[PDB]
Amino acid sequence: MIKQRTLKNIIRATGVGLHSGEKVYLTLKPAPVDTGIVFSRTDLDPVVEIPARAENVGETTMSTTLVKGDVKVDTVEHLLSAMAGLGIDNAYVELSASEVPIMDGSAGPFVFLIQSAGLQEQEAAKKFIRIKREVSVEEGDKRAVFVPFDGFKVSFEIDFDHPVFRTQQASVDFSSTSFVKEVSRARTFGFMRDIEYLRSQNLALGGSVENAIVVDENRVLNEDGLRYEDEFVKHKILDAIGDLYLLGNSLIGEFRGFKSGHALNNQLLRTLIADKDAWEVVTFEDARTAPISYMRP
Ligand SMILES: Cc1cc(C#Cc2ccc(CN3CCOCC3)cc2)ccc1C(=O)NC[C@H]1C[C@@H](NC(=O)[C@@H]2C[C@H](F)CN2)CN1C(=O)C1CC1
Ligand SMILES: [Zn+2]
């Protein structure tokens with residue numbers, strides 16, 4: 001059967017919050033069967049734990065935030081993206097501050113740290129949300145859709161009226177294309193005028209060319225350029241994969257975004273969860289006949 005997984009070993013990492021500019025210590029801990037992903041603010045007494053679930057999403061403007069009372073965890077989507085892509089079911093994520101560290105702007109450092117520690121298969125069936133009906137949400141020119149699909153896949157389109165925008169569409173079937181190789185290294189990005197404005201509103205305090213593609217009116221200012229010709233849309237897919245993991249189970253289906261972001265992705269999640277006719281929970285007694293597959297642990 002397809003079994004739940006956690007970490008084989010605890011993983012420690014250090015970085016800065018994109019928005020806060022704060023130094024943060026991250027610890028990823030193994031977790032029991034059916035824990036899910038749970039963020040832990042260990043700088044607080046008592047410790048505040050927020051399950052990484054749709055119902056615990058806050059503001060959503062700058063990034064994906066988990067909230068419980070007046071406590072938040074900012075910018076969860078790249079780490080959730082990394083765990084989603086390695087099929088981690090159960091893990092405690094401990095943080096010494098309000099924000100997940102941005103690392104290089106991509107999921108790559110998180111996927112490396114996780115795969116170094118290795119995965120542990122657990123004696124319990126992995127549960128899948130299978131998309132049964134199309135579920136779409138729109139607002140203005142943005143749209144986000146679930147479509148039934150015997151596998152897992154993400155299609156995304158963006159349309160910046162900007163000299164840098166290279167391919168603005170991409171589609172990845174993750175049963176036949178490597179999340180690790182093709183998506184995980186895709187870095188977040190910021191336009192210079194936006195960055196200047198957010199800096200002035202005491203936002204983007206951790207930002208640098210070390211953790212973001214910085215774009216002026218014409219070009220990438222990052223000296224060493226891009227990791228993929230289509231890095232911007234690839235990063236949009238990475239963000240979506242992170243947000244999709246707030247469903248609390250792995251997806252069998254296809255996601256399609258058209259200029260979508262954290263707010264519309266969240267509306268899609270709530271709309272899916274609410275329309276119980278559109279999805280079922282499945283398990284797989286036989287991996288060999290399953291529509292999705294996983295790397296050896
Ligand atoms: C990445 C970033 C970086 C900086 C920054 C910065 C910065 C600040 C200062 C410097 C220069 N300094 C650094 C210190 O040394 C001196 C020079 C460089 C960069 C400031 C803002 C952002 C930003 O929010 N970009 C949003 C981008 C990325 C994407 N979304 C994501 O990826 C989601 C959200 C979050 F982003 C992580 N997941 C969708 N998207 C957009 O559609 C934008 C057009 C709206
Ligand atoms: Zn991102």
Side-chain angles (χ1 to χ4, degrees), residues 15-24 52 57-58 60-61 63-66 72-85 98-111 139-142 144 154 156-165 168 170 179 183-192 194-217 219-224 226-228 230-246 257-258 260-261 263-266:
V16 286
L18 180 48
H19 286 303
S20 71
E22 293 185 330
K23 179 156 199 169
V24 49
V57 174
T60 46
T61 25
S63 67
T64 300
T65 304
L66 302 179
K72 66 174 189 173
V73 179
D74 279 337
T75 317
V76 298
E77 59 264 33
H78 300 172
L79 177 55
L80 283 183
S81 188
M83 268 151 188
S98 69
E99 185 166 9
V100 173
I102 193 55
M103 311 307 292
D104 72 347
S106 84
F110 296 136
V111 174
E139 200 160 324
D141 64 332
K142 317 189 159 141
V154 182
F156 220 101
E157 229 186 314
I158 54 169
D159 176 15
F160 292 101
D161 186 8
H162 193 282
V164 168
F165 289 93
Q168 290 217 87
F179 173 76
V183 173
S184 75
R185 294 200 336 112
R187 284 169 302 164
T188 188
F189 58 91
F191 299 93
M192 203 67 217
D194 291 358
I195 294 166
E196 286 174 349
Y197 170 67
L198 291 161
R199 277 263 140 160
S200 88
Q201 303 295 301
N202 293 122
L203 287 159
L205 296 181
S208 92
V209 295
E210 296 295 322
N211 52 42
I213 313 157
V214 183
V215 183
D216 69 4
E217 49 165 24
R219 42 175 213 99
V220 170
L221 303 187
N222 304 61
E223 203 159 37
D224 300 328
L226 297 179
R227 292 171 171 184
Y228 309 105
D230 60 355
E231 186 162 12
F232 303 106
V233 73
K234 292 275 199 73
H235 188 75
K236 293 298 298 185
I237 289 168
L238 180 166
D239 280 345
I241 287 173
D243 289 344
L244 268 38
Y245 225 46
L246 298 172
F258 320 90
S260 190
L264 199 58
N265 293 349
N266 192 239

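Order of appearance sets the numbers: ligands from 1, and atoms from 1 within every ligand. The first residue of the sequence shown is numbered 1, and numbering continues consecutively from there. What's counted below: heavy atoms across the whole structure, side chains too, no hydrogens, waters or symmetry copies.
Remark: ligand 1 and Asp239 share an N or O pair separated by less than 3.5 Å (distance only, no angle test). Note: no N/O pair closer than 3.5 Å links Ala212 and ligand 1 by distance alone. The distance criterion of under 3.5 Å between nitrogen or oxygen atoms is not met by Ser63 with respect to ligand 1. Here's the thing with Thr188: one of its N/O atoms is less than 3.5 angstrom from an N/O atom of ligand 1.
Atoms of ligand 1 lying under 4.0 Å from at least one heavy atom of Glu77, given by number and element, are 33 (C), 34 (C), 35 (C), 37 (C), 38 (N). Residue-ligand proximity, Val214 to ligand 1, at heavy-atom distances under 4.0 Å covers atoms 18 (C), 19 (C). Close contacts between ligand 1 and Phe191 involve ligand atoms 44 (C) [criterion: under 4.0 Å to a heavy atom].
Nearest approach of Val183 to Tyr228, heavy atoms of both residues: N-OH, 3.7 Å. The shortest non-hydrogen separation linking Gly206 to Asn211 is O-ND2, 3.0 Å. The two residues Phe165 and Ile158 make their nearest non-hydrogen contact at CE2-CD1, 3.9 Å. Minimum heavy-atom separation, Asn265 to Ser260: OD1-OG, 2.9 Å.
In terms of modelled atom types and a separation under 3.5 Å, the side chain of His162 and the main chain of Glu217 share a donor-acceptor contact.
Here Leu18 has side-chain heavy atoms under 4.0 Å from ligand 1, and that is the only part of it that gets that close.
Taking the six-membered ring where the residue is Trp, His235 and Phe189 present perpendicular rings, their angle passing 60° and hence far from 30°.
A salt bridge is defined here as a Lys NZ or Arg NE, NH1 or NH2 lying under 4.0 Å from an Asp or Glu carboxylate O, and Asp104 with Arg227 meets this definition.
Remark: distances from the non-hydrogen atoms of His78 to ligand 1 include one below 4.0 Å. At least one heavy atom of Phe160 sits under 4.0 Å from some atom of ligand 1.
Its N, O or S atom nearest to the Zn ion (ligand 2) is what matters here, and for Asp239 that atom is OD1.
Every residue two or more places apart in sequence or in another chain was checked for a side-chain hydrogen bond (donor to acceptor under 3.5 Å, both in side chains) with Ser98, and none qualifies.
Between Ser106, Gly242, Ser208, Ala186, it is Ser208 that holds the heavy atom closest to atom 18 (C) of ligand 1.
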